[PDB]
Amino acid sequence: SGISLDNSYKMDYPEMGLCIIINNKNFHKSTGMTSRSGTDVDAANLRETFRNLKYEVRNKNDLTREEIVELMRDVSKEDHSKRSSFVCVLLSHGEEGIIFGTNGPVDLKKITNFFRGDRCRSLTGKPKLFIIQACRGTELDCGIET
């Protein structure tokens, strides 16, 4: 055939891939974390948006830290050979490097490590997208008028 370029990810596998949405709205009272009013609007918008991009969307609601880790582990052990990519959306409280389960924190590195090139071989070489709606600390941006 003619000249070939390899500058873009192959996105014409039989499936676009999974889109896992973790929607944490209500937190255990003992944590003191506030309920995240509006997050259901986000979760519905994401489900529809990624549906129209032909992702297999799985919505999860109000997961403990243990459930988040087990979910990510199990998903990373699926056979993604026929999938072009992987998407995970995290909607929760957070601080720098951390997202909250309903009962306590999860290191973001623990979640993403399951999908490392050596640990999820059926996603090696494929784009792994993590979309994170969560705080990263407590600083406020005062802005500047233009």
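Throughout, we count residues from 1 along the sequence that is shown.
Checked against the record, the higher mean CA B factor of 88 to 96 and 75 to 83 lies with 75 to 83. As recorded in the PDB entry, 29 shows the highest C-alpha B-factor of the residues 29, 51, 65, 58. Annotation for residue 38: C-alpha temperature factor in the highest third relative to the rest of the modelled chain, per the entry. In the deposited entry, the Cα temperature factor of residue 47 sits in the bottom third of values across the chain's modelled residues. Ranked against the other modelled residues of its chain, the C-alpha B-factor of residue 17 as given in the entry falls in the middle third. Ranked against the other modelled residues of its chain, the C-alpha B-factor of residue 11 as given in the entry falls in the highest third.
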